[PDB]
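*Asks:* One structure coming up, written as structure tokens, with questions to follow.
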2 protein chains.
Amino acid sequence: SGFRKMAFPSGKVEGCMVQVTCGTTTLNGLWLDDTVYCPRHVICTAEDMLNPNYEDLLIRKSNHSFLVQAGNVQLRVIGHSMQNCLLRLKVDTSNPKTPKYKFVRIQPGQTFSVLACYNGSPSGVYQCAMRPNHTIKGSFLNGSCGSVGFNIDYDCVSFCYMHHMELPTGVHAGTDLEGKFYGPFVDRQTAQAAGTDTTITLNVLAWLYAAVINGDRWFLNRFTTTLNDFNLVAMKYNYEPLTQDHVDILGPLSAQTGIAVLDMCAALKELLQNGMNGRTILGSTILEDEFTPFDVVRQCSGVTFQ
Amino acid sequence: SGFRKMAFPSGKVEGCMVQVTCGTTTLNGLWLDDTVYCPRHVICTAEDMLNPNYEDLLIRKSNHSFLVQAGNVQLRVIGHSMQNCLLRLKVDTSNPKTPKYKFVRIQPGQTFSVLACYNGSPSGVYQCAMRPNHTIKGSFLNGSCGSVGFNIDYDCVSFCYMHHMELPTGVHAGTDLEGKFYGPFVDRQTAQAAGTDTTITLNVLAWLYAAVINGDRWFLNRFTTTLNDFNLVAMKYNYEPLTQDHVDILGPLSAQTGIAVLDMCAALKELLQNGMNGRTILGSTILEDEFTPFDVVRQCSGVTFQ
Ligand SMILES: *[C@@H](CC(=O)OCC)[C@H](C[C@@H]1CCNC1=O)NC(=O)[C@H](Cc1ccccc1)NC(=O)[C@H](CCC(=O)OC(C)(C)C)NC(=O)OCc1ccccc1
Ligand SMILES: *[C@@H](CC(=O)OCC)[C@H](C[C@@H]1CCNC1=O)NC(=O)[C@H](Cc1ccccc1)NC(=O)[C@H](CCC(=O)OC(C)(C)C)NC(=O)OCc1ccccc1
């Protein structure tokens with residue numbers, strides 16, 4: 001029993017972190033096979049940051065403009081190219097610790113583990129959701145750029161995020177491992193702001209299923225709702241519209257608990273309208289939206305505490 | 001910026017996890033050098049669980065009664081002994097992945113990272129506090145016994161917890177790596193219950209410092225309090241008494257923010273008495289008690305967002 005925000009074991013990713021220096025800028029890189037991936041903003045200096053032209057900044061560098069350190073060992077750069085907002089630095093050594101991996105672009109609402117890293121050395125791990133507005137609520141200081149986000153399926157690491165920047169609200173933006181940003185953001189110091197966010201409805205519902213599997217039913221009611229009547233209420237409370245796809249995704253959790261999705265929806269409608277009356281759900285006084293249905297299945301018992 | 005419950009990178013601990021079988025019971029073991037540590041309740045079968053005599057159960061086993069698997073490789077047991085509620089199985093191979101490590105007995109209120117493990121294979125990592133009543137609010141299923149808790153200082157792993165059992169409230173109990181339980185609990189299936197818990201006052205205060213360092217001051221007030229007047233209020237709200245030692249521990253955070261401890265105490269007194277008025281602190285609608293002062297210093301910038 002219990003329910004915690006649980007990150008993937010980070011060992012396979014720790015063995016891939018390096019430090020990348022260019023001029024007086026140091027940040028983190030990811031070393032797989034004989035390539036090191038890092039944010040391209042490593043090539044900026046102070047002033048470059050406002051209006052940098054990366055093609056023009058890069059063509060001015062050689063291979064030996066880049067210093068790469070793996071632990072206490074210098075990796076020699078024998079090649080470099082730019083791919084979107086990332087650099088791909090070819091090095092002379094293949095990483096002997098390279099796990100099976102994939103690059104994946106996660107979708108809004110999905111979760112992943114972040115390995116916060118400084119000067120190429122891992123310092124902590126925590127679980128994030130990709131918000132609807134394409135930012136994450138991370139925890140990052142200066143020097144954390146190039147820290148990556150990932151999931152693990154079997155023994156395969158699916159990398160999905162590389163950290164690039166912090167926005168004025170203290171939330172975070174970055175790219176997939178193709179260097180394509182999540183959201184409308186750009187790697188330069190303009191006046192960009194996170195758009196308005198929404199509560200992730202599918203996840204709140206998954207988490208209500210988790211509470212049931214774990215033995216708690218207090219928030220349920222005798223009612224049902226239609227997808228549409230639910231969505232009218234959803235909009236009023238800044239929740240994402242529920243779709244039939246979301247209803248189908250919730251199938252297996254519905255089956256394990258015996259609670260029809262739209263019945264769980266009515267329960268949710270009631271919680272939004274009435275509050276929790278000073279009670280908790282899985283120890284929480286608020287409606288948690290950062291566990292997916294897959295997160296609940298991965299953590300909860302396959303047997304309901306009936 | 002940001003503030004997350006952050007676990008230590010788990011790689012050094014993942015390389016030490018094995019599976020230990022005895023009869024039809026499988027659980028996790030920790031492999032350092034040529035010793036594997038596991039809960040001694042591995043030697044119980046069904047019925048043994050209520051009134052087991054471990055000395056009598058153990059003397060009936062040989063070395064080859066124990067099956068130990070490291071990944072896909074069988075480690076041969078050449079020795080075994082009991083130490084408190086743990087077994088120490090000597091094996092023929094020294095773990096080539098043994099990190100620098102210590103065994104430490106953590107104190108109530110202190111935190112640590114848990115590597116949840118099943119059948120010797122790590123499945124997730126999350127941060128816990130040791131509650132005042134010597135339990136943790138973990139997330140564990142059947143097969144999770146022998147999963148360990150740890151901190152990392154530099155590159156040294158300080159192991160502090162091994163998981164043994166779940167109590168009726170869904171919270172968890174276990175031992176240090178000497179096999180001595182945290183709390184009055186015993187490794188048999190009696191009618192034991194967690195004692196009443198308390199809120200960890202020192203940590204709540206550390207977390208209020210974290211909120212200030214991160215730029216937020218809304219909860220402060222013009223008042224001060226004495227240690228004693230504070231404690232009268234503390235008792236009324238099920239908070240631990242504040243001690244002078246706690247005040248001294250909070251020194252560096254006090255210094256970084258310019259807020260005297262007892263002034264932060266007055267602010268806390270006010271929050272307990274009045275509530276948060278529908279506002280959040282570091283994104284939380286409740287007073288968080290699972291970050292130590294060391295957790296705040298390890299995660300927050302050394303520069304206050306003034
Ligand atoms: C990692 C970079 C690194 O590790 O090595 C040194 C370059 C930084 C991590 C950030 C900083 C704190 N926490 C983090 O997550 N990333 C950056 O410093 C990037 C750098 C950069 C350089 C060139 C081109 C593009 C990006 N910059 C930012 O994150 C930047 C920080 C501004 C900020 O919000 O912090 C304070 C201290 C001023 C409050 N953010 C940014 O430009 O956002 C857009 C914006 C700027 C100004 C006004 C309004 C919006
Ligand atoms: C790990 C053991 C393992 O991995 O391999 C198989 C042995 C178990 C992890 C627990 C179970 C679910 N989550 C966890 O954290 N640990 C146990 O099963 C131990 C086993 C044991 C055997 C012999 C001697 C001592 C301990 N037992 C318990 O945790 C036990 C479980 C009872 C429980 O609360 O679960 C449900 C399903 C019945 C709700 N807890 C226990 O004995 O607590 C004291 C108590 C028992 C009965 C009534 C009141 C209090």
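Just remember, in the structure tokens the first chain shown is A, the second B, etc., residues are 1-based per chain, and ligands are 1-based in the order shown.
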Check every protein, DNA and RNA residue against ligand 1, keep those with an atom at most 9 Å away (counting only C-alpha atoms and all ligand atoms), and present them as an mmCIF file with N, CA and C atoms, in the first residue's frame.
*Replies:*
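Wrote it out as part_32.cif, contents follow:
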data_model
loop_
_atom_site.group_PDB
_atom_site.id
_atom_site.type_symbol
_atom_site.label_atom_id
_atom_site.label_comp_id
_atom_site.auth_asym_id
_atom_site.auth_seq_id
_atom_site.Cartn_x
_atom_site.Cartn_y
_atom_site.Cartn_z
ATOM 1 N N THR A 24 33.704 30.008 -21.543
ATOM 2 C CA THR A 24 33.530 30.065 -20.097
ATOM 3 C C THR A 24 32.167 29.501 -19.644
ATOM 4 N N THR A 25 31.444 28.879 -20.571
ATOM 5 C CA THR A 25 30.139 28.269 -20.272
ATOM 6 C C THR A 25 30.337 26.779 -20.110
ATOM 7 N N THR A 26 29.925 26.260 -18.951
ATOM 8 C CA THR A 26 29.830 24.829 -18.710
ATOM 9 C C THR A 26 28.351 24.424 -18.452
ATOM 10 N N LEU A 27 27.950 23.286 -19.022
ATOM 11 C CA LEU A 27 26.621 22.695 -18.812
ATOM 12 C C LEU A 27 26.704 21.183 -19.036
ATOM 13 N N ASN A 28 25.581 20.470 -18.918
ATOM 14 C CA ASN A 28 25.599 19.007 -19.013
ATOM 15 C C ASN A 28 25.344 18.500 -20.432
ATOM 16 N N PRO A 39 22.535 21.343 -24.962
ATOM 17 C CA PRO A 39 21.874 22.524 -25.548
ATOM 18 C C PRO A 39 22.854 23.342 -26.387
ATOM 19 N N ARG A 40 22.378 23.897 -27.490
ATOM 20 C CA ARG A 40 23.259 24.669 -28.360
ATOM 21 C C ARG A 40 23.609 26.023 -27.726
ATOM 22 N N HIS A 41 22.807 26.466 -26.767
ATOM 23 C CA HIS A 41 23.087 27.734 -26.099
ATOM 24 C C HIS A 41 24.419 27.734 -25.309
ATOM 25 N N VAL A 42 25.054 26.565 -25.186
ATOM 26 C CA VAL A 42 26.432 26.470 -24.697
ATOM 27 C C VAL A 42 27.384 27.374 -25.513
ATOM 28 N N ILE A 43 27.096 27.559 -26.795
ATOM 29 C CA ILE A 43 27.961 28.403 -27.616
ATOM 30 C C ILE A 43 27.751 29.928 -27.451
ATOM 31 N N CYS A 44 26.677 30.350 -26.785
ATOM 32 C CA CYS A 44 26.468 31.777 -26.466
ATOM 33 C C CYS A 44 27.396 32.306 -25.374
ATOM 34 N N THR A 45 27.816 33.568 -25.494
ATOM 35 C CA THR A 45 28.362 34.294 -24.327
ATOM 36 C C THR A 45 27.394 35.381 -23.914
ATOM 37 N N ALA A 46 27.825 36.240 -22.989
ATOM 38 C CA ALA A 46 26.966 37.315 -22.481
ATOM 39 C C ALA A 46 26.802 38.465 -23.487
ATOM 40 N N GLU A 47 25.580 38.590 -24.010
ATOM 41 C CA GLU A 47 25.214 39.549 -25.068
ATOM 42 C C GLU A 47 24.628 38.749 -26.227
ATOM 43 N N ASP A 48 25.363 37.710 -26.625
ATOM 44 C CA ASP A 48 24.845 36.686 -27.530
ATOM 45 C C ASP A 48 23.455 36.258 -27.109
ATOM 46 N N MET A 49 23.183 36.286 -25.805
ATOM 47 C CA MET A 49 21.964 35.683 -25.247
ATOM 48 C C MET A 49 20.648 36.293 -25.751
ATOM 49 N N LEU A 50 20.693 37.553 -26.166
ATOM 50 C CA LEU A 50 19.483 38.263 -26.569
ATOM 51 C C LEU A 50 19.119 38.017 -28.042
ATOM 52 N N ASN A 51 20.093 38.194 -28.936
ATOM 53 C CA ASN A 51 19.863 37.992 -30.357
ATOM 54 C C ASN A 51 20.894 37.039 -31.029
ATOM 55 N N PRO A 52 21.047 35.808 -30.497
ATOM 56 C CA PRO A 52 22.113 34.977 -31.056
ATOM 57 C C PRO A 52 21.690 34.376 -32.389
ATOM 58 N N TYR A 118 24.521 18.738 -12.404
ATOM 59 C CA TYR A 118 25.390 19.943 -12.411
ATOM 60 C C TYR A 118 26.813 19.518 -12.711
ATOM 61 N N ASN A 119 27.504 20.318 -13.534
ATOM 62 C CA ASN A 119 28.891 20.045 -13.945
ATOM 63 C C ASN A 119 29.104 18.572 -14.319
ATOM 64 N N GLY A 138 9.706 22.036 -12.536
ATOM 65 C CA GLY A 138 10.893 21.337 -12.123
ATOM 66 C C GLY A 138 11.539 21.941 -10.904
ATOM 67 N N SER A 139 12.736 21.451 -10.633
ATOM 68 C CA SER A 139 13.575 22.093 -9.668
ATOM 69 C C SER A 139 14.978 22.150 -10.262
ATOM 70 N N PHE A 140 15.389 23.352 -10.658
ATOM 71 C CA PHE A 140 16.634 23.575 -11.429
ATOM 72 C C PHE A 140 17.310 24.869 -10.995
ATOM 73 N N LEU A 141 18.636 24.807 -10.859
ATOM 74 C CA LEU A 141 19.456 25.992 -10.642
ATOM 75 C C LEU A 141 20.339 26.243 -11.862
ATOM 76 N N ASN A 142 21.103 27.343 -11.823
ATOM 77 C CA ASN A 142 22.156 27.591 -12.823
ATOM 78 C C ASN A 142 23.053 26.374 -12.939
ATOM 79 N N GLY A 143 23.439 26.024 -14.162
ATOM 80 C CA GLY A 143 24.316 24.862 -14.409
ATOM 81 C C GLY A 143 23.571 23.560 -14.664
ATOM 82 N N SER A 144 22.242 23.606 -14.569
ATOM 83 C CA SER A 144 21.374 22.425 -14.726
ATOM 84 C C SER A 144 20.980 22.129 -16.186
ATOM 85 N N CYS A 145 21.272 23.064 -17.090
ATOM 86 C CA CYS A 145 20.993 22.860 -18.496
ATOM 87 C C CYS A 145 21.671 21.630 -19.053
ATOM 88 N N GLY A 146 20.949 20.928 -19.922
ATOM 89 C CA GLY A 146 21.420 19.643 -20.423
ATOM 90 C C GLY A 146 21.015 18.442 -19.573
ATOM 91 N N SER A 147 20.517 18.660 -18.356
ATOM 92 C CA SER A 147 19.853 17.591 -17.561
ATOM 93 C C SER A 147 18.692 17.030 -18.375
ATOM 94 N N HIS A 163 16.855 19.779 -20.597
ATOM 95 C CA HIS A 163 16.554 21.069 -20.009
ATOM 96 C C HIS A 163 17.340 22.251 -20.616
ATOM 97 N N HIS A 164 16.618 23.320 -20.966
ATOM 98 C CA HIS A 164 17.188 24.521 -21.606
ATOM 99 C C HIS A 164 16.990 25.799 -20.849
ATOM 100 N N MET A 165 15.830 25.991 -20.209
ATOM 101 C CA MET A 165 15.581 27.277 -19.574
ATOM 102 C C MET A 165 14.468 27.355 -18.552
ATOM 103 N N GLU A 166 14.510 28.444 -17.797
ATOM 104 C CA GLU A 166 13.514 28.784 -16.821
ATOM 105 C C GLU A 166 12.775 30.044 -17.272
ATOM 106 N N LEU A 167 11.455 30.038 -17.072
ATOM 107 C CA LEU A 167 10.559 31.136 -17.416
ATOM 108 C C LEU A 167 10.249 31.977 -16.176
ATOM 109 N N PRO A 168 9.635 33.155 -16.369
ATOM 110 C CA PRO A 168 9.544 34.085 -15.252
ATOM 111 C C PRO A 168 8.729 33.564 -14.070
ATOM 112 N N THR A 169 7.749 32.705 -14.334
ATOM 113 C CA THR A 169 6.971 32.081 -13.265
ATOM 114 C C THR A 169 7.717 30.979 -12.507
ATOM 115 N N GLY A 170 8.975 30.717 -12.841
ATOM 116 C CA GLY A 170 9.734 29.672 -12.140
ATOM 117 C C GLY A 170 9.487 28.241 -12.630
ATOM 118 N N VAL A 171 8.851 28.107 -13.790
ATOM 119 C CA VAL A 171 8.641 26.814 -14.411
ATOM 120 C C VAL A 171 9.635 26.703 -15.571
ATOM 121 N N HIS A 172 9.715 25.515 -16.146
ATOM 122 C CA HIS A 172 10.852 25.141 -16.976
ATOM 123 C C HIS A 172 10.483 24.737 -18.378
ATOM 124 N N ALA A 173 11.378 25.034 -19.317
ATOM 125 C CA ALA A 173 11.186 24.674 -20.697
ATOM 126 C C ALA A 173 12.422 24.007 -21.308
ATOM 127 N N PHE A 185 8.382 27.956 -27.300
ATOM 128 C CA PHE A 185 9.538 28.645 -26.734
ATOM 129 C C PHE A 185 10.755 28.593 -27.650
ATOM 130 N N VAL A 186 11.681 29.544 -27.447
ATOM 131 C CA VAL A 186 12.904 29.611 -28.244
ATOM 132 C C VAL A 186 14.105 29.810 -27.318
ATOM 133 N N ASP A 187 15.256 29.259 -27.714
ATOM 134 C CA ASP A 187 16.466 29.355 -26.901
ATOM 135 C C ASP A 187 17.173 30.680 -27.085
ATOM 136 N N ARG A 188 16.494 31.753 -26.687
ATOM 137 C CA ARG A 188 17.115 33.070 -26.543
ATOM 138 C C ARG A 188 16.341 33.882 -25.492
ATOM 139 N N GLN A 189 16.989 34.883 -24.895
ATOM 140 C CA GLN A 189 16.401 35.553 -23.724
ATOM 141 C C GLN A 189 15.420 36.703 -24.040
ATOM 142 N N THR A 190 14.412 36.396 -24.860
ATOM 143 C CA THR A 190 13.253 37.269 -25.139
ATOM 144 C C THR A 190 12.228 37.359 -23.968
ATOM 145 N N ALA A 191 11.069 37.974 -24.203
ATOM 146 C CA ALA A 191 10.037 38.150 -23.172
ATOM 147 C C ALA A 191 8.908 37.105 -23.244
ATOM 148 N N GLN A 192 9.289 35.853 -23.449
ATOM 149 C CA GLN A 192 8.333 34.752 -23.524
ATOM 150 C C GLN A 192 7.791 34.357 -22.153
ATOM 151 N N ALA A 193 6.545 33.915 -22.136
ATOM 152 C CA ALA A 193 5.872 33.530 -20.912
ATOM 153 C C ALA A 193 5.075 32.243 -21.166
ATOM 154 N N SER B 1 15.039 27.774 -9.926
ATOM 155 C CA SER B 1 13.855 27.839 -9.028
ATOM 156 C C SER B 1 13.038 26.512 -9.054
ATOM 157 N N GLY B 2 11.961 26.454 -8.273
ATOM 158 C CA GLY B 2 11.185 25.229 -8.050
ATOM 159 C C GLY B 2 11.557 24.520 -6.742
ATOM 160 N N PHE B 305 16.003 34.959 -3.455
ATOM 161 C CA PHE B 305 15.276 35.807 -4.417
ATOM 162 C C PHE B 305 14.547 36.920 -3.633
#
*Asks:* Taking the DSSP assignment computed from this structure's backbone, write out as a VMD selection string all residues of region 6-168 of chain A that belong to strand (DSSP E or B).
*Replies:* chain A and resid 7 17 to 22 25 to 32 35 to 39 66 to 70 73 to 75 77 to 83 86 to 91 100 to 103 111 to 118 121 to 129 136 148 to 153 156 to 166
*Asks:* Could you pull the residues within 8 Å of region 56-68 of chain A, counting only C-alpha atoms, minus those fewer than 4 positions along the same chain, as a list in words?
*Replies:*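 Final neighbour list, sorted by chain and number: residues 18, 19, 20, 21, 22, 23, 43, 44, 52, 74, 75, 76, 77, 78, 79 and 80 of chain A.
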*Asks:* Taking only C-alpha atoms and all ligand atoms into account, which of A:211, A:117, A:3, A:103 comes nearest ligand 2?
*Replies:* A:3
*Asks:* Define the interface residues of chain B facing chain A as those within 10 Å, counting only C-alpha atoms, and report them as an MDAnalysis selection string.
*Replies:* chainID B and resid 1:15 113:117 121:128 136:142 152 154 166:172 214 283:286 298:302
*Asks:* Can you list, as a VMD selection string, every protein, DNA or RNA residue that comes within 7 Å of region 244-258 of chain B when you count only C-alpha atoms, leaving out same-chain residues fewer than 5 positions away?
*Replies:* chain B and resid 202 209 212 to 213 293 304
*Asks:* Save out the residues we just selected, N, CA, C and O atoms, as a CSV table (one decimal), in the first residue's frame.
*Replies:*
chain,number,residue,atom,x,y,z
B,202,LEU,N,10.6,21.2,13.0
B,202,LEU,CA,11.9,21.7,12.4
B,202,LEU,C,11.8,21.8,10.9
B,202,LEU,O,12.3,22.7,10.2
B,209,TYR,N,11.6,28.6,5.3
B,209,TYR,CA,12.8,29.2,4.8
B,209,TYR,C,13.0,29.0,3.3
B,209,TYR,O,13.3,30.0,2.5
B,212,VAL,N,10.8,31.4,1.3
B,212,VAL,CA,11.5,32.7,1.3
B,212,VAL,C,12.7,32.8,0.3
B,212,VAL,O,12.7,33.7,-0.5
B,213,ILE,N,13.6,31.8,0.4
B,213,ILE,CA,14.7,31.8,-0.5
B,213,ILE,C,14.3,31.8,-2.0
B,213,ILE,O,14.9,32.5,-2.8
B,293,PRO,N,16.3,20.8,7.1
B,293,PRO,CA,17.1,22.0,6.8
B,293,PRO,C,18.2,21.7,5.8
B,293,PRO,O,18.5,22.5,4.9
B,304,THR,N,19.2,34.2,-2.1
B,304,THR,CA,17.8,34.5,-1.8
B,304,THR,C,17.2,35.3,-3.0
B,304,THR,O,17.8,36.3,-3.4
*Asks:* Using DSSP secondary structure from the backbone, list all alpha helix (DSSP H) positions within region 115-268 of chain A, as a PyMOL selection string.
*Replies:* chain A and resi 201-213+227-236+244-249+251-257+261-268
*Asks:* Take CA of residue 215 (chain B) and CA of residue 109 (chain A) and report the distance between them in Å, one decimal.
*Replies:*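 About the pair CA of residue 215 (chain B) and CA of residue 109 (chain A): they are 27.6 Å apart.
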*Asks:* Could you list, as a list in words, every residue within 8 Å of residue 203 (chain A), counting only C-alpha atoms and ignoring same-chain residues fewer than 2 positions away?
*Replies:*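 Everything that qualifies: residues 109, 200, 201, 205, 206, 207, 288, 289, 290, 291, 292 and 293 of chain A.
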*Asks:* Identify, on the basis of only C-alpha atoms, every residue whose closest approach to residue 265 (chain B) does not exceed 8 Å; exclude the query and any residue fewer than 5 positions from it along the same chain; express the result as a ChimeraX atom specification.
*Replies:* /B:205,224-225,230
*Asks:* Could you work out how far CA of residue 264 (chain B) lies from CA of residue 229 (chain B), giving the answer in Å with one decimal?
*Replies:* 13.5 Å
*Asks:* What does the distance from CA of residue 306 (chain A) to atom 39 (C, counted along the ligand's line) of ligand 2 come to in Å, to one decimal?
*Replies:*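 Between CA of residue 306 (chain A) and atom 39 (C, counted along the ligand's line) of ligand 2 the gap works out to 10.7 Å.
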*Asks:* Taking only C-alpha atoms into account, which of A:161, A:221, A:276, A:231 comes nearest residue 260 (chain A)?
*Replies:*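 Among the listed residues, A:221 lies closest to residue 260 (chain A).
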